[PDB]
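Below: one structure, written as structure tokens.
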Amino acid sequence: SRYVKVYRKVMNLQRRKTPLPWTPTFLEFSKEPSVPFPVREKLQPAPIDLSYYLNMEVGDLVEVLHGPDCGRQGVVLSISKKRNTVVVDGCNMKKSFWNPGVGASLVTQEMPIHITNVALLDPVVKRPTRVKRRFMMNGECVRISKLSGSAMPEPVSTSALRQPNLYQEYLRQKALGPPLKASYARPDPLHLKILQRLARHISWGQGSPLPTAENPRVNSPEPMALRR
Amino acid sequence: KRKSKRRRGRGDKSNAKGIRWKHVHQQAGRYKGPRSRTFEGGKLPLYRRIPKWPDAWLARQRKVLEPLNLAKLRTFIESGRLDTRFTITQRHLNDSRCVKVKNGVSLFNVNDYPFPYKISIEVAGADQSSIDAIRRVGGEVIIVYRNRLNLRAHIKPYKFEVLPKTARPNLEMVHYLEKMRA
Amino acid sequence: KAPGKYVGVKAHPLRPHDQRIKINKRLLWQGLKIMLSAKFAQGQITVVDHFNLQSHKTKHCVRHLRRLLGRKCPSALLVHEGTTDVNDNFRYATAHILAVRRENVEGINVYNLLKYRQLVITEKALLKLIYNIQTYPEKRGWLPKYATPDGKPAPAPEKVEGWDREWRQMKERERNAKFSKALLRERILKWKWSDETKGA
Amino acid sequence: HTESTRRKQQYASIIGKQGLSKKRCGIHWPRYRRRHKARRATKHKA
Amino acid sequence: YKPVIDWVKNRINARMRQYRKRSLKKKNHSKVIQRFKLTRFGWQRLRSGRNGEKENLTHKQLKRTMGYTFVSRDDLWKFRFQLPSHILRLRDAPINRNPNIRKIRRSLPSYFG
Amino acid sequence: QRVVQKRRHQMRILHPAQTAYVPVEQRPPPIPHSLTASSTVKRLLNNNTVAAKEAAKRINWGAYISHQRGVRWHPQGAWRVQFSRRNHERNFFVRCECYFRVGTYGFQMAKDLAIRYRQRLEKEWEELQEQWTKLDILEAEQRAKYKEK
Amino acid sequence: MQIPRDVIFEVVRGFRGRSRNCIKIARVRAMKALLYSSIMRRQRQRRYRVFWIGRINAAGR
RNA sequence: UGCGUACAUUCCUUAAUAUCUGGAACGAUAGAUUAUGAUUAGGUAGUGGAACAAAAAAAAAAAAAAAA
RNA sequence: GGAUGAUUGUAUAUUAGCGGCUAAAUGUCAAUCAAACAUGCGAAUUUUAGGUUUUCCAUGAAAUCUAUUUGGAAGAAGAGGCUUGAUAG
RNA sequence: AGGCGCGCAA
RNA sequence: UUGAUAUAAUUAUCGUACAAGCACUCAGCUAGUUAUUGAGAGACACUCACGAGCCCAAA
RNA sequence: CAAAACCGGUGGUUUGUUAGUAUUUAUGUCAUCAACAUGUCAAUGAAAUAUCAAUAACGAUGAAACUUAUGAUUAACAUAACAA
RNA sequence: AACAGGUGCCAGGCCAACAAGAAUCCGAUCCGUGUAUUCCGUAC
RNA sequence: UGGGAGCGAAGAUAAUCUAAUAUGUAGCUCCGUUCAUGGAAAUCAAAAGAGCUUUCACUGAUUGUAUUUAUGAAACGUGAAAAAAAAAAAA
RNA sequence: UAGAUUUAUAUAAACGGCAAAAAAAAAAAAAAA
RNA sequence: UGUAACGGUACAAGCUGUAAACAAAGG
RNA sequence: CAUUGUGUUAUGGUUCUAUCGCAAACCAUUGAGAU
């Protein structure tokens, strides 16, 4: 069929983050105005943060309900309220990349799971449950699970949960660029300092001759001077 | 002064193209006749009257060399676009834009006119008149066999990390090379 | 719902489309040169040492602009290179002067030059612009090349003596012109029109 | 047609007068305001 | 009830149509192309009767029949639409009515101006 | 493919005629183009024949040449005198369309009178320009005197 | 239109009934009125001339 | 031996765009308009030239006489 | 006209359109049934035929020929070519 | 990258 | 008033026809749209740029 | 031949001043289904926290009123007043 | 000139908790965010 | 979902009509869209070479199929985008 | 996140043969989705 | 999730659930 | 050149638009946090 190509083009226009940045160059003008914008329906349900109403916090034990990790149990490490997504320990191991540090050639790590695909676990029955916040007379808050009526254990602490995020380090290094030459990366502090002194003279010398063994005198820079 | 728009059907006195003949004396429908490019009536189309000509449509399919006139070559030499102290090659012609090489340059002379300069030139082909005119003043015409990849590497070696080794010709190209040598 | 039967239904409706057109880059280059010439002729060009400021206050920059251009200037385009011709103090000061617009040398257009009445250009940016304008034809390939390692023309060789003597003699013979039909028949026998569209 | 002719005549009658008000301009108020803004545009930075 | 418009679909379809329309190409007639050859002096064609009965033709007529000829000027408008990618730019003789280029100018002491 | 059709004749590609440059120290003035509007001259030029070519040599084309700007020949059978000027500041627009007819005066006498007419018009124009400059200076003097008060 | 709308409504002043204010009928009536004027303005010269002729004939007789 | 009768580029005002009306002329800081220059100017289909269509946008709505 | 009978009447059901039912009339299937109606970015077409909206000006046809079943479709023919101003005052 | 054109004279 | 004078309009048609079709009247809606694609081919098709050269796609 | 980020919080820009708007039932059908009813939530007014006084007249408020303010707006079309 | 909202209508300096004019003159009948002139704030 | 899978028409072009086009389209059922499709050669090519897969432009409306109508993002190739192969014998 | 929060929307599928009644003894019993 | 039926609330195109618009001052 | 008509004006008839809204993208800042 002779329409698949144009259909794919117009559909990619729906995902394009137009306008994209464009570097000016002499006698060249951007095509961004000619690129059309994506079309969307603006009358939709308002944003919500489902974690607030579900009483789900980092450090809670949850079970993945659907997908290739069905039945797997892990501790929540991160919650995105805007995306209503959750990172679960050892689940959705989808993001693999060249190792930015020491160890094996490749490293893989979790990816967010939508909060609706996950459920809190009852401490006694260990099945999907619903957690409600109750308040005592003094104002102490207690999270109670529907299935057994048990109080939720305190979330695992950030100190225990912490792990480095190697994908962000990989992204940082990639943004920096390809690896440097070993010779270029070798430090040369003495010659660098010589060049830095020369650069100081070049930038702030106002075109005075460089010092020599014959005349090492110090040339006084001129001030801007007021108009009179 | 630009051109005024000539929208139709906006009054009787407008100088736009008329509508009355179109309405009354023209066939109705999208195509105003049969949907075709060949129809001329009940009679056969001219092309179907005429017999088929396989040579005509095989000539188009034949792969052809880029022609270069010795007059153009002379003008470039005189203006200095090519250096006659060294062998002038297809790459030199391409880079001076005397001729852009796709399959190879072929020299042709006009009216058996003489050539004034002694030159050594490598090309893919050349007419007998061009060869005689070049050699009459001490010149030299060279033909180096090159496959498509070899010609690409000869014109644009800078696109190759490892240059390829020239390949041997087939029977047709051996015939052509020996004919050129003759 | 059909044309002539419902309000909002059209036979030839307006359609979304791209309004951009095409123009020859050579025409754009020539237009830039003409715009610079026009600004010089009409006295709407000023050359500045640099746009480096020691204060970020808008009022000081406004006073400098008023001193240079007067109190009746409609608008100005401030052209600089970006690195050592201007500084962040200037970028801060000009950020709220709605009558002036900052541009780099890469973004100079006939449109900008026409839109903004005055053109205030640093010497560095002016030289950068002149270089770009003068070297554009070479970059776009509008000038001849010489197929030499240096890229400059090579010496023109001399002609081999007697290279056209036979042709001259043949012309001298034919110039009698009394055997016209005989020569015509000889040419008809010798030569053949080609049926190809390219070449001889 | 008649409506367009009438609207054009009224616009020609009002658009050329400075200092009008919203109640005087009616349906032509945004057009009149834009026209006066354009006329002022030349006074900026004198 | 109101007739609400599906702008997403309408605009997507409009963009698709626009892109296709502005990327359309030329088209030639694969059958018409096979009977003709374009040369520097005009379109050429074979002669009907080449493949027919010819026992009653003389030698002159047979030579002409097996030769070739040019497409008549009356049939060129067909090519404009059947073979768009192959254009023959017609070149008639120049028509210049300036009296100074005429042979009678040699009998005048000057030109007309 | 944009193939330019070519014409061949006698084993050569036919081209439009084209002549070389013949330097001339002083090219003489042309015979007026107004003569080509006459029926006799039009037929002479349109008939490429021996009789036309002999009548061309018998015709005295030099008598129609005017050595005066603004005076020349008209198919009327008269000498046309023209003089056009536009002065917006003084609101003065002049267009002379004078005719000196051969039937009325004579070929040569009409020519002479037309030439004299054009010369007088030029002289009057010069004098008027001088007077306008003088009057303008006087007007400036009056305006300055008024502003003195 | 053959005649401008304003001219039509100005010419149909003083006419009878709908011809004064309805464009469809006013157009036809104004067309006829101006056509009659065009023809009769060309014709009236000889109608005046015959009147002069008759007056002169009576005076001479 | 007469006369009636239809026709005015006689007067006055406009127009001419598929290369031949003077004009390849006279002007020229952007054409003022030809006074005994010519042809002339009914028109369906078709074709062509010009003038409007009161709006919007644009970074050009004060160097303008006299009066204020 | 029938009115102890192939009678009349009644709740809820069955047969569905490239079809059903039909003591057979192309009768009837929600009153246009020789093949129901609703919906369909299946976004039906038309050698006939209805309309097609400012003005001024320049130029200006034909109802003919070939061939095809075609007052249709194809080609040709059909204009702008040229001229129309003069003194032995 | 590619496209068109590239004298038939001298 | 009186004298003279004049067979609404539109379309098709050989045919300037209310025994031909539409229209009470009026308001608004209501029909030659567009070559990032084609072109000047003896029934008409302009205009700038560079010039033996000219253009510069995706990015 | 010149020049050389991740998860929360807070605002702004663009989409979009250049584009459009979509949530409730009156009415049809056996049903599938079809289909922009009724101006606006709103007397008028910027303000009613300006509608007071009052059988009537003169008064009050208001820029404008017992009213071209105690709903506005063509033509066709409806009625009057004045005029030779 | 998009130096956003509101204030009787077009307000950078009247309100809007962090800058800056109750600025002056001229306005048929009330008002003016209007015309003209001018001062001030602005890394907004 | 003019993306992918299954089944699968006619009105329209061919001036009737058949093929072909429409079109592998509409309706119907099922996937649910870059965390996807697909995929690291028993590949393509020439006697030189390229190097999984994917996207864009050119080659080109070319070579093709249809042989009255039309269809055809062909293959190799060229210029770009993106770049990846495979943590992994247990602990 | 102080509490409370009726009824309908035919749901053992947070689950696994298909197949009426969200899942019905074997067989009869039949499938392009 | 979304929607609706009834009920309460100015007998309603709003809000709301028999606690039907409000607890924030508890061993 | 009517009191059965016309001219001029007036009063009716008449289309109804008052933002109850504004990222899922990008820019700039700022906490926690990693290096």
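To be explicit about the labels: the chains of the structure tokens are called A, B, and onward in the order shown, and within each one the residues are counted from 1, while ligands get numbers from 1 in the order they are shown.
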
Worksheet item: What residues in chain B lie within 8 Å of chain I, counting only C-alpha atoms (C1' of nucleotides), written as an MDAnalysis selection string?
Response: chainID B and resid 9:11 13:14 19 27:29 33:34 39:43

Item to complete: Show me which bits of chain P are within 12 Å of chain A, counting only C-alpha atoms (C1' of nucleotides), as a ChimeraX atom specification.
Response: /P:1-2,24,26-27

Output for the residues just chosen: C-alpha atoms (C1' of nucleotides) as a PDB file, in the first residue's frame:
ATOM      1  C1'   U P   1     -12.403   3.759  36.512  1.00  0.00           C
ATOM      2  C1'   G P   2     -16.810   5.871  34.494  1.00  0.00           C
ATOM      3  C1'   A P  24      -9.647  20.536  63.381  1.00  0.00           C
ATOM      4  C1'   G P  26      -9.631  14.125  73.893  1.00  0.00           C
ATOM      5  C1'   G P  27      -6.483   9.200  78.263  1.00  0.00           C
TER       6        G P  27
END

Worksheet item: So which residues of segment 90-144 of chain B fall under strand (DSSP E) by DSSP, listed as a list in words?
Response: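 Matching residues for strand (DSSP E) in segment 90-144 of chain B are residues 105, 106, 107, 108, 120, 121, 122, 125, 126, 140, 141 and 142 of chain B.
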
Can you write just those residues out, C-alpha atoms, as a PDB file, in the first residue's frame?
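Final output, result05.pdb:
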ATOM      1  CA  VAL B 105      34.645   9.709 -19.223  1.00  0.00           C
ATOM      2  CA  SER B 106      34.592   9.219 -22.998  1.00  0.00           C
ATOM      3  CA  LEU B 107      36.338  11.688 -25.292  1.00  0.00           C
ATOM      4  CA  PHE B 108      34.830  12.737 -28.610  1.00  0.00           C
ATOM      5  CA  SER B 120      48.774  12.461 -21.369  1.00  0.00           C
ATOM      6  CA  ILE B 121      45.206  11.662 -20.319  1.00  0.00           C
ATOM      7  CA  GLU B 122      43.574   8.610 -18.730  1.00  0.00           C
ATOM      8  CA  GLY B 125      36.797   5.598 -23.610  1.00  0.00           C
ATOM      9  CA  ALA B 126      37.674   7.779 -26.568  1.00  0.00           C
ATOM     10  CA  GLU B 140      48.897   9.854 -25.125  1.00  0.00           C
ATOM     11  CA  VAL B 141      45.512   8.306 -24.310  1.00  0.00           C
ATOM     12  CA  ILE B 142      45.480   5.746 -21.492  1.00  0.00           C
TER      13      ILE B 142
END

Worksheet entry | Which of chain G fall in helix (DSSP H, G or I), as a count of residues only | 49

Practice prompt. Please provide the set of residues having any atom within 12 Å of residue 8 of chain O, restricted to only C-alpha atoms (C1' of nucleotides), with same-chain residues fewer than 4 positions apart removed, written as a list in words.
Written response: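 Everything that qualifies: residues 3, 4, 5 and 6 of chain P.
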
Item to complete: Please provide the set of residues having any atom within 7 Å of segment 102-109 of chain F, restricted to only C-alpha atoms (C1' of nucleotides), with same-chain residues fewer than 4 positions apart removed, written as a PyMOL selection string.
Response: (chain F and resi 77-78+113) or (chain I and resi 86-87+89)

Could you write out that same residue set with C-alpha atoms (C1' of nucleotides) as a PDB file, in the first residue's frame?
ATOM      1  CA  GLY F  77       2.876  64.672 -44.678  1.00  0.00           C
ATOM      2  CA  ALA F  78       4.169  67.260 -42.233  1.00  0.00           C
ATOM      3  CA  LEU F 113       9.831  76.619 -39.822  1.00  0.00           C
TER       4      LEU F 113
ATOM      5  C1'   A I  86       2.123  64.419 -48.713  1.00  0.00           C
ATOM      6  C1'   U I  87       4.198  69.650 -51.322  1.00  0.00           C
ATOM      7  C1'   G I  89       1.216  76.158 -50.984  1.00  0.00           C
TER       8        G I  89
END

Practice prompt. For residue 45 of chain N, work out the shell of residues within 12 Å, counting only C-alpha atoms (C1' of nucleotides) and skipping chain neighbours fewer than 3 positions away, then give it as a list in words.
Written response: residues 48, 49, 50, 51, 75, 76 and 77 of chain N

Give me, as a PDB file with N, CA, C and O atoms, in the first residue's frame, the contact residues of chain F against chain E at a cut-off of 9 Å, counting only C-alpha atoms.
ATOM      1  N   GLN F   1      14.226  14.693 -19.499  1.00  0.00           N
ATOM      2  CA  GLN F   1      15.080  14.998 -20.638  1.00  0.00           C
ATOM      3  C   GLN F   1      14.504  16.193 -21.386  1.00  0.00           C
ATOM      4  O   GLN F   1      13.354  16.155 -21.834  1.00  0.00           O
ATOM      5  N   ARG F   2      15.299  17.250 -21.513  1.00  0.00           N
ATOM      6  CA  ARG F   2      14.900  18.470 -22.207  1.00  0.00           C
ATOM      7  C   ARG F   2      15.761  18.580 -23.463  1.00  0.00           C
ATOM      8  O   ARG F   2      16.808  19.227 -23.463  1.00  0.00           O
ATOM      9  N   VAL F   3      15.307  17.944 -24.536  1.00  0.00           N
ATOM     10  CA  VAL F   3      16.054  17.891 -25.787  1.00  0.00           C
ATOM     11  C   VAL F   3      15.633  19.075 -26.646  1.00  0.00           C
ATOM     12  O   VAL F   3      14.452  19.229 -26.973  1.00  0.00           O
ATOM     13  N   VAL F   4      16.598  19.912 -27.011  1.00  0.00           N
ATOM     14  CA  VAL F   4      16.335  21.056 -27.876  1.00  0.00           C
ATOM     15  C   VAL F   4      16.409  20.588 -29.324  1.00  0.00           C
ATOM     16  O   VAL F   4      17.448  20.097 -29.775  1.00  0.00           O
ATOM     17  N   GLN F   5      15.309  20.745 -30.053  1.00  0.00           N
ATOM     18  CA  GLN F   5      15.275  20.341 -31.451  1.00  0.00           C
ATOM     19  C   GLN F   5      16.253  21.169 -32.273  1.00  0.00           C
ATOM     20  O   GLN F   5      16.400  22.377 -32.065  1.00  0.00           O
ATOM     21  N   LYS F   6      16.919  20.511 -33.217  1.00  0.00           N
ATOM     22  CA  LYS F   6      17.876  21.159 -34.098  1.00  0.00           C
ATOM     23  C   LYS F   6      17.515  20.868 -35.546  1.00  0.00           C
ATOM     24  O   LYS F   6      16.981  19.805 -35.871  1.00  0.00           O
ATOM     25  N   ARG F   7      17.809  21.832 -36.412  1.00  0.00           N
ATOM     26  CA  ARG F   7      17.555  21.726 -37.839  1.00  0.00           C
ATOM     27  C   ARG F   7      18.871  21.536 -38.580  1.00  0.00           C
ATOM     28  O   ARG F   7      19.868  22.196 -38.272  1.00  0.00           O
ATOM     29  N   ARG F   8      18.868  20.632 -39.555  1.00  0.00           N
ATOM     30  CA  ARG F   8      20.046  20.327 -40.355  1.00  0.00           C
ATOM     31  C   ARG F   8      19.754  20.585 -41.826  1.00  0.00           C
ATOM     32  O   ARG F   8      18.656  20.303 -42.311  1.00  0.00           O
ATOM     33  N   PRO F  16      20.379  30.755 -36.934  1.00  0.00           N
ATOM     34  CA  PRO F  16      19.973  32.088 -37.393  1.00  0.00           C
ATOM     35  C   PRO F  16      21.178  32.903 -37.839  1.00  0.00           C
ATOM     36  O   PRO F  16      22.287  32.748 -37.325  1.00  0.00           O
ATOM     37  N   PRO F  28      26.198  57.507 -39.106  1.00  0.00           N
ATOM     38  CA  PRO F  28      25.245  58.553 -39.501  1.00  0.00           C
ATOM     39  C   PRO F  28      23.874  58.297 -38.900  1.00  0.00           C
ATOM     40  O   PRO F  28      23.553  57.162 -38.520  1.00  0.00           O
ATOM     41  N   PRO F  29      23.038  59.333 -38.792  1.00  0.00           N
ATOM     42  CA  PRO F  29      21.747  59.156 -38.134  1.00  0.00           C
ATOM     43  C   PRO F  29      20.835  58.266 -38.954  1.00  0.00           C
ATOM     44  O   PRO F  29      20.943  58.210 -40.193  1.00  0.00           O
ATOM     45  N   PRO F  30      19.912  57.550 -38.314  1.00  0.00           N
ATOM     46  CA  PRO F  30      18.994  56.694 -39.067  1.00  0.00           C
ATOM     47  C   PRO F  30      17.961  57.500 -39.835  1.00  0.00           C
ATOM     48  O   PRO F  30      17.661  58.651 -39.506  1.00  0.00           O
ATOM     49  N   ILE F  31      17.423  56.882 -40.877  1.00  0.00           N
ATOM     50  CA  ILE F  31      16.217  57.417 -41.519  1.00  0.00           C
ATOM     51  C   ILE F  31      15.044  57.248 -40.562  1.00  0.00           C
ATOM     52  O   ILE F  31      14.912  56.177 -39.942  1.00  0.00           O
ATOM     53  N   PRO F  32      14.181  58.251 -40.389  1.00  0.00           N
ATOM     54  CA  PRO F  32      13.177  58.173 -39.321  1.00  0.00           C
ATOM     55  C   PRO F  32      12.281  56.950 -39.454  1.00  0.00           C
ATOM     56  O   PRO F  32      11.869  56.569 -40.551  1.00  0.00           O
ATOM     57  N   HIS F  33      11.976  56.341 -38.306  1.00  0.00           N
ATOM     58  CA  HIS F  33      11.081  55.191 -38.268  1.00  0.00           C
ATOM     59  C   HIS F  33       9.656  55.559 -38.653  1.00  0.00           C
ATOM     60  O   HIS F  33       8.868  54.669 -38.987  1.00  0.00           O
ATOM     61  N   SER F  34       9.308  56.846 -38.611  1.00  0.00           N
ATOM     62  CA  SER F  34       7.964  57.270 -38.979  1.00  0.00           C
ATOM     63  C   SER F  34       7.646  56.978 -40.439  1.00  0.00           C
ATOM     64  O   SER F  34       6.470  56.850 -40.791  1.00  0.00           O
ATOM     65  N   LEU F  35       8.665  56.870 -41.295  1.00  0.00           N
ATOM     66  CA  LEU F  35       8.417  56.574 -42.702  1.00  0.00           C
ATOM     67  C   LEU F  35       7.810  55.192 -42.888  1.00  0.00           C
ATOM     68  O   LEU F  35       7.074  54.964 -43.855  1.00  0.00           O
ATOM     69  N   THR F  36       8.100  54.259 -41.982  1.00  0.00           N
ATOM     70  CA  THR F  36       7.596  52.898 -42.114  1.00  0.00           C
ATOM     71  C   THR F  36       6.090  52.805 -41.915  1.00  0.00           C
ATOM     72  O   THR F  36       5.514  51.744 -42.176  1.00  0.00           O
ATOM     73  N   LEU F  44       6.990  48.747 -50.028  1.00  0.00           N
ATOM     74  CA  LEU F  44       8.366  48.615 -50.492  1.00  0.00           C
ATOM     75  C   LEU F  44       9.149  47.651 -49.608  1.00  0.00           C
ATOM     76  O   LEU F  44       9.903  46.809 -50.108  1.00  0.00           O
ATOM     77  N   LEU F  45       8.979  47.760 -48.291  1.00  0.00           N
ATOM     78  CA  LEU F  45       9.702  46.888 -47.372  1.00  0.00           C
ATOM     79  C   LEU F  45       9.136  45.474 -47.349  1.00  0.00           C
ATOM     80  O   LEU F  45       9.891  44.516 -47.144  1.00  0.00           O
ATOM     81  N   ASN F  46       7.827  45.318 -47.546  1.00  0.00           N
ATOM     82  CA  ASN F  46       7.206  44.001 -47.485  1.00  0.00           C
ATOM     83  C   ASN F  46       7.336  43.212 -48.782  1.00  0.00           C
ATOM     84  O   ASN F  46       7.129  41.995 -48.762  1.00  0.00           O
ATOM     85  N   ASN F  48       9.853  41.822 -51.324  1.00  0.00           N
ATOM     86  CA  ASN F  48      11.264  41.528 -51.576  1.00  0.00           C
ATOM     87  C   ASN F  48      11.417  41.190 -53.057  1.00  0.00           C
ATOM     88  O   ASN F  48      11.492  40.028 -53.462  1.00  0.00           O
ATOM     89  N   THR F  49      11.461  42.238 -53.879  1.00  0.00           N
ATOM     90  CA  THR F  49      11.448  42.088 -55.327  1.00  0.00           C
ATOM     91  C   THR F  49      12.401  43.091 -55.963  1.00  0.00           C
ATOM     92  O   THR F  49      12.831  44.066 -55.339  1.00  0.00           O
ATOM     93  N   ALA F  52      11.018  46.672 -56.101  1.00  0.00           N
ATOM     94  CA  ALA F  52      11.137  47.330 -54.806  1.00  0.00           C
ATOM     95  C   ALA F  52      12.575  47.744 -54.532  1.00  0.00           C
ATOM     96  O   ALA F  52      12.830  48.855 -54.051  1.00  0.00           O
ATOM     97  N   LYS F  53      13.534  46.866 -54.837  1.00  0.00           N
ATOM     98  CA  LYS F  53      14.933  47.180 -54.575  1.00  0.00           C
ATOM     99  C   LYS F  53      15.453  48.299 -55.466  1.00  0.00           C
ATOM    100  O   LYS F  53      16.388  49.001 -55.071  1.00  0.00           O
ATOM    101  N   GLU F  54      14.875  48.482 -56.657  1.00  0.00           N
ATOM    102  CA  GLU F  54      15.264  49.609 -57.500  1.00  0.00           C
ATOM    103  C   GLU F  54      14.602  50.906 -57.043  1.00  0.00           C
ATOM    104  O   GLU F  54      15.239  51.968 -57.043  1.00  0.00           O
ATOM    105  N   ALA F  56      13.872  51.568 -54.032  1.00  0.00           N
ATOM    106  CA  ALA F  56      14.592  51.957 -52.825  1.00  0.00           C
ATOM    107  C   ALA F  56      15.817  52.795 -53.164  1.00  0.00           C
ATOM    108  O   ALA F  56      16.084  53.811 -52.513  1.00  0.00           O
ATOM    109  N   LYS F  57      16.572  52.390 -54.187  1.00  0.00           N
ATOM    110  CA  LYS F  57      17.731  53.168 -54.604  1.00  0.00           C
ATOM    111  C   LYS F  57      17.335  54.481 -55.263  1.00  0.00           C
ATOM    112  O   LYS F  57      18.103  55.447 -55.197  1.00  0.00           O
ATOM    113  N   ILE F  59      14.734  56.305 -54.305  1.00  0.00           N
ATOM    114  CA  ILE F  59      14.133  57.181 -53.299  1.00  0.00           C
ATOM    115  C   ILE F  59      15.223  57.962 -52.575  1.00  0.00           C
ATOM    116  O   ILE F  59      16.234  57.395 -52.144  1.00  0.00           O
ATOM    117  N   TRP F  61      16.167  59.152 -49.501  1.00  0.00           N
ATOM    118  CA  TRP F  61      15.867  58.977 -48.086  1.00  0.00           C
ATOM    119  C   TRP F  61      16.503  60.051 -47.215  1.00  0.00           C
ATOM    120  O   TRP F  61      16.095  60.214 -46.060  1.00  0.00           O
ATOM    121  N   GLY F  62      17.486  60.784 -47.734  1.00  0.00           N
ATOM    122  CA  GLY F  62      18.178  61.786 -46.946  1.00  0.00           C
ATOM    123  C   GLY F  62      17.397  63.053 -46.684  1.00  0.00           C
ATOM    124  O   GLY F  62      17.755  63.804 -45.773  1.00  0.00           O
TER     125      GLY F  62
END
